[PDB]
Colleague: 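To start, I am sharing the structure in question, which I have written as structure tokens.
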Amino acid sequence: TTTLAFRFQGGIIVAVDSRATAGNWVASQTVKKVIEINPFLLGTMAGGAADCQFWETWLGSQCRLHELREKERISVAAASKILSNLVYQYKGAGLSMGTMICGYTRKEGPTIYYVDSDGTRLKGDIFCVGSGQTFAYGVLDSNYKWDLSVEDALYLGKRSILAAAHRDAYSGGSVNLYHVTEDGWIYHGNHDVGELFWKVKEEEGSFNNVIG
Amino acid sequence: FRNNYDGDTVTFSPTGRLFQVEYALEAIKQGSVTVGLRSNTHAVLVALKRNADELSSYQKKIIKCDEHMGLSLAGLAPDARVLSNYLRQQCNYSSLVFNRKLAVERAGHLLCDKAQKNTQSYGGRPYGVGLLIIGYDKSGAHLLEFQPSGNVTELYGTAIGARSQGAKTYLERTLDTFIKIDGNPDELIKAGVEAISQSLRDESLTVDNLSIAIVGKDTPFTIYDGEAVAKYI
Amino acid sequence: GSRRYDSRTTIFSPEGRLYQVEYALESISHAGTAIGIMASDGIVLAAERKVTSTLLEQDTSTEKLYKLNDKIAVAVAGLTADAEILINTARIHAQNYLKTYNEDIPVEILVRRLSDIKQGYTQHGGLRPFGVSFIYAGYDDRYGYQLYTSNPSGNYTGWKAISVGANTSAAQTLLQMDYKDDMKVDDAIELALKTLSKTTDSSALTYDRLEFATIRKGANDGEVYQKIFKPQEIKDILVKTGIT
Amino acid sequence: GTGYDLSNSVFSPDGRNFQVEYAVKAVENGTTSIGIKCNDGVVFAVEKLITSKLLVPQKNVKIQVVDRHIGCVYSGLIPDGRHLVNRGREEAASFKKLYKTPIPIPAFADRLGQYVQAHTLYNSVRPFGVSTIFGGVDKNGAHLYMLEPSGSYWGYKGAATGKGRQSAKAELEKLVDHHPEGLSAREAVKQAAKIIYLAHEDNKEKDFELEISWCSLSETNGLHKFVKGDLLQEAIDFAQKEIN
Amino acid sequence: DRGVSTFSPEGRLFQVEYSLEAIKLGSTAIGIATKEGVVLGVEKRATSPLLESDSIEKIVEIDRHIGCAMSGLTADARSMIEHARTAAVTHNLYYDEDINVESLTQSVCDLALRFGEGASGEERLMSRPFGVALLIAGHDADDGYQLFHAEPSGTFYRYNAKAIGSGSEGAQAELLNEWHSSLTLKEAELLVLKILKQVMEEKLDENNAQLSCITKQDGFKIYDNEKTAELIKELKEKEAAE
Amino acid sequence: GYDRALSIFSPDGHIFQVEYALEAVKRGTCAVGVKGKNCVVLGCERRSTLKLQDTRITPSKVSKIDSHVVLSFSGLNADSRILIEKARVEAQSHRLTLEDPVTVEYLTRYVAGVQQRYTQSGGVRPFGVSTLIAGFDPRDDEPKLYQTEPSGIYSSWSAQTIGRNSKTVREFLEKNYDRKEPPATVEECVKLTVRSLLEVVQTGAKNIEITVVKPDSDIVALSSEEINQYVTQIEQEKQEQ
Amino acid sequence: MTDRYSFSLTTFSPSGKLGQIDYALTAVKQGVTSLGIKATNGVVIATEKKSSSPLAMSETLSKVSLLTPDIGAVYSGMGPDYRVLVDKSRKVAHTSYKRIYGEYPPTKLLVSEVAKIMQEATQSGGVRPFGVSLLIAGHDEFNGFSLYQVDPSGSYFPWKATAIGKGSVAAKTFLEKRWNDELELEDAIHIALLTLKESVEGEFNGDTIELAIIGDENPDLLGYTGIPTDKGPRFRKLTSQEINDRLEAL
Amino acid sequence: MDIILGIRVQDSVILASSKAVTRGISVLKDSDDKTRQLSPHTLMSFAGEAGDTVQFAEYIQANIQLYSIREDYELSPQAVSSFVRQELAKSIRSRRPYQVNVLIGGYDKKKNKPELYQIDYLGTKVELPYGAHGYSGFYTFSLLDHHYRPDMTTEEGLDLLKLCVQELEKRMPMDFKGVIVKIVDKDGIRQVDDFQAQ
């Protein structure tokens with residue numbers, strides 16, 4: 001798995017792969033690793049499939065309850081702390097999850113929180129999580145500027161996940177892109193690596209090693 | 001007198017009575033009439049649904065407990081939900097653990113014991129609802145009458161609720177007839193509708209006012225309401 | 001069942017009053033008078049021993065003045081047995097505070113806790129309240145010398161001078177008549193004894209019917225000191241103030 | 001004063017427990033039931049009033065078995081009776097599990113006894129509204145017992161309770177005097193059917209249904225069983241004949 | 001005294017009956033169901049002019065397709081709402097679908113009889129019944145628009161139109177006449193506002209009365225004062241029109 | 001073990017223990033709160049059944065739940081401590097889980113819930129307390145004022161009073177407070193408050209304590225002098241006529 | 001079942017009285033007289049053994065009980081309550097003191113524990129107060145000899161001498177006249193026997209009287225030798241014979 | 001481990017804490033502030049297990065703030081450190097102990113003196129002129145044992161730290177990404193935003 005989210009001039013970019021494995025067995029290439037908690041909140045998933053997917057769905061429930069109770073949208077900081085505290089109650093039990101809670105609120109602006117089953121909760125501008133994180137960091141880190149155009153940031157992200165899909169045996173399938181602005185997130189498609197790779201190879205001229 | 005011995009269910013009156021149980025029994029008499037009768041192949045329930053306004057709905061009187069069992073109520077609706085839900089659990093347990101359909105006679109004993117527990121301990125109140133239970137098990141068709149006192153009885157037919165004495169006399173009169181209505185559900189139901197109408201007064205049974213249920217040989221307990229009961233009015 | 005014999009010790013009257021609390025106070029009103037007077041350089045506690053005899057061993061007796069801490073003490077008015085229950089928990093509370101923070105417990109903190117306990121028997125549990133009123137005399141570095149009072153309701157307040165028990169009205173009037181913000185411990189000691197003397201239901205105010213205590217910062221040291229006077233010490237001070 | 005009959009575990013000035021006595025009223029108001037101890041077993045019989053033609057004949061069985069060798073019949077609040085039998089079954093199961101041997105009738109009796117007596121010790125419970133006749137065959141023969149709402153019980157030669165308890169007792173005493181050598185299980189069954197028919201006069205208004213069960217060393221192998229079919233009809237005829 | 005779960009000689013539960021009485025003393029509440037949605041209106045009833053009338057919340061959202069109005073000891077409804085919301089959200093979490101309005105109502109009613117000082121049947125810890133009634137309005141794909149009346153008795157009825165509270169007996173009589181199976185949402189709105197106006201001691205304005213509705217398209221919404229003030233004006237005109 | 005239902009319905013549909021709880025509030029010293037355009041003020045009266053107390057240590061009537069919210073009350077003093085402690089505890093917890101201090105309406109809803117719960121729980125009596133909670137939500141400048149009572153009901157007010165003679169002081173406020181133009185000044189806001197209390201305090205400079213709350217955790221209680229001054233400038237308003 | 005009496009059976013009356021405790025006190029007044037006298041070198045506690053049938057063997061019952069080897073108790077009021085109070089008192093001296101410090105508790109503290117037990121029966125749910133007053137006498141290294149009285153309320157006080165029960169008023173007045181801070185134990189014992197004589201109707205001998213003392217250490221009553229620091233119990237019940245001998249010098 | 005340093009000079013206590021947050025093979029953040037203010041004149045730094053660290057610091061902050069509100073007073077640094085030691089001492093024998101080490105730097109307004117407390121996850125508390133948790137102590141203790149004086153100024157202290165930080169950046173194995181320095185004195189707590197080149 002490879003997931004990343006970074007903050008920039010045009011808001012936030014969120015990109016994930018879609019591969020699921022059990023040992024060396026590729027269980028699936030069609031997993032939805034991004035959860036649309038709500039029109040303005042996103043959750044990314046890495047680690048144990050059932051763990052992320054179950055607990056983040058639960059998080060969505062807790063978030064909705066908050067709004068019904070307070071007649072107001074839950075903050076990114078508070079949404080991430082609910083998952084953080086839940087997961088901490090289970091410390092030592094073996095939950096496995098590297099997660100990112102990304103959103104927008106008039107009060108906080110573009111925000112990103114990294115939350116893992118270790119109890120670690122961190123706010124940041126850039127985070128890559130999963131067995132493919134380093135591969136994504138390599139591409140993302142060396143082309144990141146706070147001044148990318150929404151269109152360039154979108155590509156950098158997509159390309160970063162592509163990089164991981166290629167080098168990490170445990171990452172792959174397709175890329176799922178999201179852009180987060182104050183009017184919520186905007187889906188930016190599902191890009192199957194089966195065609196995305198060759199397209200990028202030709203157009204960009206990178207991946208010069210692989211012969212085509 | 002009575003006022004000194006009816007403050008709870010843990011007190012006997014000087015004559016050996018339990019008033020809290022008796023007051024509970026009253027709630028049933030104030031409830032809408034419901035009839036139950038059976039042949040050797042089917043068991044039927046017919047109930048008069050009461051409504052609040054003409055803007056409100058008619059409260060359901062029949063509850064399914066399992067594919068082969070169900071009942072009709074008279075009295076506190078909530079208590080019926082509690083008791084039927086418990087009957088459902090007992091039916092369920094019999095299947096899951098023994099791969100056995102709960103016999104109607106056993107359901108009756110279980111119900112009796114549950115009701116009883118609420119008439120001998122402090123703090124609890126008796127149930128305020130009567131239940132007629134029909135079902136088809138390994139011994140055929142059955143009809144049970146459940147009273148909040150814990151007394152459960154197997155009969156060929158009966159009726160509870162306001163003006164119930166009417167239908168009861170009629171059934172006690174039709175006995176030799178309806179009990180032989182085997183292999184013809186429609187006839188048994190019509191005998192049931194004739195029995196219930198013997199307890200009418202206020203009005204006449206309409207389509208969104210009548211409720212009928214049947215269970216039998218090759219008939220899973222099924223409820224009929226509205227248009228479904230039209231062919232019987 | 002049991003409901004038949006339940007007195008319901010925790011309910012409001014149609015006037016919004018707590019019966020048992022009222023009745024408990026009614027009980028306190030017949031208890032030996034206890035007075036607390038706070039001076040600039042110390043505090044004084046004085047109580048009248050209710051019911052006494054020739055045979056009562058006074059040297060070993062204590063029915064109104066109890067040490068809670070090295071800097072806090074209380075005067076009791078009401079059921080002595082009920083007070084001991086509270087007293088002992090107060091002693092534990094002070095040591096818990098010390099163990100936790102490595103600092104002596106601030107006087108108000110001790111008083112609030114004890115008051116909270118009383119309050120509880122007032123809102124839940126169906127048990128009767130403690131028939132006790134306390135006058136707290138203590139010193140800490142945040143508020144210096146302090147004088148508090150708590151009663152069965154669980155409410156507490158601070159005072160410059162105050163009394164609990166019997167003839168409090170008469171006693172309060174006499175105190176509110178001769179108390180002066182710039183009093184000296186010894187002045188307070190005298191005002192205390194004079195008040196008791198005029199409120200006493202007894203013939204004369206003799207030492208054998210009194211318990212005395214002071215919390216003074218013995219200049220020749222720099223630390224505060226608690227002193228629960230002994231029979232002779234009271235007999236002396238009694239002759240001096242002019243009550244022989 | 002008065003009011004000694006409003007709460008269960010209360011003693012009246014004359015040492016009585018009225019709530020228990022009131023329970024007895026519910027029992028006397030019930031159907032008549034009996035027990036006859038023969039030379040190698042016991043016979044149980046009861047009156048089943050036919051409130052209406054609507055009751056399916058032979059369907060609402062009153063007599064209950066505990067374990068495999070014990071029979072139970074009672075008069076009064078049926079639901080209370082079932083409740084007591086449920087306790088008996090648990091009681092018998094617990095005994096067998098540990099001691100292996102099915103529970104001896106005498107031990108079973110005291111098990112029911114202590115339980116029923118327990119319901120006269122607190123005001124939070126109500127005494128049992130039934131008198132129960134039970135027994136069976138064990139290592140040392142047959143045993144017949146009757147248990148009252150007070151928890152009282154003794155061994156009997158013959159026993160009756162309910163509406164026609166007097167007719168029955170009269171009849172049972174007759175049998176005792178005319179059979180010092182003992183009655184057989186077969187005879188006890190017929191005689192039981194008669195006693196019930198006779199005692200039915202104190203309720204001759206409603207029609208009834210007879211029910212008999214028996215536990216005999218020679219007739220049922222010590223196991224409790226219902227008397228059905230021909231042996232039953234035969235007993236009914238023997239009664240219907242002597243009723244005229 | 002007498003057990004909180006005691007039966008009267010007529011077969012009713014004292015506490016429950018007395019509970020209903022407290023409800024009669026409550027602020028008026030009215031609900032009207034139409035094939036276009038359901039309208040829920042309530043009387044604010046401020047006990048003083050200094051009380052900021054918009055802090056009076058007698059109409060609340062259970063879920064996006066379910067809202068409800070309360071009448072009686074309103075503070076008692078807080079735990080009922082929490083329970084209703086939790087049930088609605090939980091059903092979604094476990095079944096990946098919205099909860100049916102009828103079930104949500106049945107769920108709320110199940111708490112009803114959960115009172116007593118030791119009732120043998122489970123663990124009913126609550127010293128007394130609730131002192132508030134509710135009108136639960138919503139929509140679901142199975143039975144469309146629905147209006148329910150839930151009482152502290154544990155029972156609930158479905159109504160085409162229903163009024164609860166102080167002026168209910170009169171308002172219900174009115175509804176018995178005014179209502180018909182073809183009303184439009186707008187028609188139901190004016191009708192609610194009209195009946196409220198009649199029974200309210202105060203001169204109905206956009207500050208002592210509040211309207212809301214639930215439609216399949218936009219879910220449950222509470223009309224803001226500006227929107228309601230205009231509906232009020234629109235009423236006065238049609239009334240004075242004849 | 002004790003679980004007797006103490007708060008129950010009577011024939012006419014009333015919960016007498018809750019009602020008698022209000023009677024306890026009626027007997028309590030007066031308390032009032034008025035919200036200006038950029039602040040909120042709380043004033044309480046001091047009894048005089050006994051005077052010789054040490055005002056330094058005697059617990060005050062206005063309590064801080066957090067640094068931006070305060071609570072005052074009327075009724076049983078012992079009972080109020082319990083509500084205040086719980087509220088303070090909840091305030092810290094909310095800061096921990098939501099990573100943001102409580103809003104005045106939230107803190108109010110919590111306190112009110114505690115009171116409601118004590119009206120339908122076995123073995124306990126309702127709180128003989130009505131409160132006034134005021135402050136400024138985090139990063140907000142709009143003043144907040146709420147009131148809660150034994151029943152568990154709460155609501156916001158432009159200005160309100162509870163306690164003895166609260167009937168009187170409310171009248172004063174209803175015909176002396178204009179929502180159109182709320183006391184645009186901290187000073188004129190504190191004046192209206194001291195005026196409303198004088199209607200019932202009957203000359204009590206040492207019997208009147210005021211506390212001012214401004215946006216961003218700015219809370220302070222005036223001293224006898226600052227107050228005595230207001231009293232002074234007001235008795236002249238009368239005489240100068 | 002299950003004790004549903006979780007509420008207090010002793011509450012305040014409008015007058016401010018706690019009825020149940022007053023009534024308990026009343027029961028104490030009706031009880032047989034018992035008294036205690038402290039000397040300079042000992043303490044003596046005594047009472048009359050009011051046999052309730054000539055067929056009953058009064059020796060099988062003891063109104064004067066040993067709590068610790070240096071502490072004894074006697075009472076007036078309901079004997080069965082006293083009996084269980086003795087069992088609890090002996091146990092608490094262990095569970096709350098000997099098991100902690102490896103030494104028996106000083107007189108005032110054990111009295112304090114007993115007193116607490118009684119106070120609880122005055123406020124806990126479902127119980128009545130104990131219908132007895134106790135007289136506890138003992139000795140401990142840092143406090144010497146002491147004598148205490150414990151009432152049904154849980155209150156206790158130290159005495160030089162006193163009496164409770166039936167003829168306490170008369171007995172107390174008599175003790176006030178004879179007591180002085182110079183009495184030796186034998187003197188106190190003599191005074192005790194004299195005081196008790198007035199309160200006794202019928203027979204007055206070592207078989208109808210029960211008396212014990214807290215005096216010197218009795219190494220002879222230890223049951224073993226070898227440990228210098230263990231010198232023997234200070235508590236000792238006088239024998240019937242020992243009593244009659246003193247009655248001749250009455 | 002992370003670097004947690006504390007040094008008490010003449011009239012203040014200075015705490016320095018590494019900014020790196022590394023998980024396995026990746027440094028996730030380089031600006032992490034390993035500190036919680038317990039009260040206006042008391043600051044606590046921490047290091048240890050991934051989740052316990054913050055859960056413990058915040059749990060304590062909540063309690064000290066609660067004490068502050070209730071008593072309308074600020075507990076002395078000595079009192080706070082004692083409360084902290086107690087909590088950790090309970091923890092060590094609990095089901096799942098907090099694996100957290102902390103430095104507590106406060107300014108005692110009553111005594112008018114700065115104080116520094118070192119407390120490990122076992123509940124071991126000691127007051128010192130300077131302290132450290134983790135491996136840092138292996139280089140910084142002898143350093144300060146050499147270059148430290150009681151009467152030093154705050155400015156001197158910051159230079160003393162710069163000296164410690166440099167030694168750590170030279171000899172320590174990991175890249176801790178520099179530190180964040182804070183000063184606690186009579187006027188409260190402030191952060192020296194310019195140490196990345198002071």
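Each chain gets a letter, A, B and so on, in the order the sequences are listed, and its residues count up from 1. The analysis underlying the following values was restricted to heavy atoms, covering all of them including side chains, and did not include hydrogens, waters or symmetry mates.
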Colleague: Apply the test salt bridge (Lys or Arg N to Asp or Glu O under 4.0 Å) to residues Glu87(H) and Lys90(H): give CA-CA distance (whole Å), side-chain angles for both, the deciding distance (0.1 Å), then the verdict.
Modeller: CA-CA 5 Å; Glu87(H) 289 300 290; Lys90(H) 294 177 180 179; 3.0 Å; yes
Colleague: In Å, rounded to the nearest 0.5 Å, how long is the span from NZ of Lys182(H) to OG of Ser45(H)?
Modeller: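 Here the interatomic distance stands at 10.0 Å.
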Colleague: Please tell me whether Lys61(F) and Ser74(F) have a donor and an acceptor in their side chains that are separated by less than 3.5 angstrom.
Modeller: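 No, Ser74(F) and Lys61(F) have no side-chain donor paired with an acceptor closer than 3.5 Å.
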Colleague: For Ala57(H) and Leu38(H), which heavy atoms make the closest approach, and how far apart are they?
Modeller: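 Residues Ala57(H) and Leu38(H), closest heavy atoms: O-CD2, 4.4 Å.
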Colleague: State whether the side chain of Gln61(H) and the backbone N or O of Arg36(H) hold a donor-acceptor pair below 3.5 Å, judged by distance alone.
Modeller: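 Answer holds: no.
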Colleague: I would like to know whether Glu108(C) and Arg142(C) meet salt bridge (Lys or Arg N to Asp or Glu O under 4.0 Å); could you show each step before the answer?
Modeller: CA-CA 10 Å; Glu108(C) 167 166 49; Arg142(C) 179 200 180 173; 5.5 Å; no
Colleague: Between the side chains of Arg216(C) and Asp186(C), is the shortest nitrogen-to-carboxylate-oxygen separation below 4.0 Å, so that they form an ion pair?
Modeller: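 Yes, charged N to carboxylate O under 4.0 Å.
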Colleague: Using a strict threshold of under 4.0 Å (side-chain N to carboxylate O), is an ion pair present between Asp11(H) and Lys186(H)?
Modeller: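 So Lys186(H) does not pair with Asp11(H) through a salt bridge.
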Colleague: Just by distance, with hydrogens left out, do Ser39(H) and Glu74(H) show a side-chain donor and acceptor under 3.5 Å apart?
Modeller: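 Judged by distance alone, the side chains do pair up.
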Colleague: Could I get the full list of salt bridge (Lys or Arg N to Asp or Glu O under 4.0 Å) partners for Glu63(C), not counting sequence neighbours?
Modeller: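 For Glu63(C) the salt bridge (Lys or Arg N to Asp or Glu O under 4.0 Å) partners, ignoring immediate neighbours, are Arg49(C).
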Colleague: Is a donor from one side chain sitting under 3.5 angstrom from an acceptor on the other, for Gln146(C) and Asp140(C)?
Modeller: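 Distance-only check passes for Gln146(C) and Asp140(C).
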Colleague: State yes or no: are the ring centers of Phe212(C) and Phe229(C) separated by less than 6.0 Å?
Modeller: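 Yes, the ring centres sit under 6.0 Å apart.
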Colleague: Return the CG to OG distance between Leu71(F) and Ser80(F), rounded to the nearest 0.5 Å.
Modeller: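 Rounded to the nearest 0.5 Å, the CG-OG separation comes out at 8.0 Å.
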Colleague: Is it the case that the ring center of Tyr98(H) lies less than 6.0 angstrom away from the ring center of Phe46(H)?
Modeller: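 Here the rings of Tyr98(H) and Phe46(H) have centres that are no less than 6.0 Å from each other.
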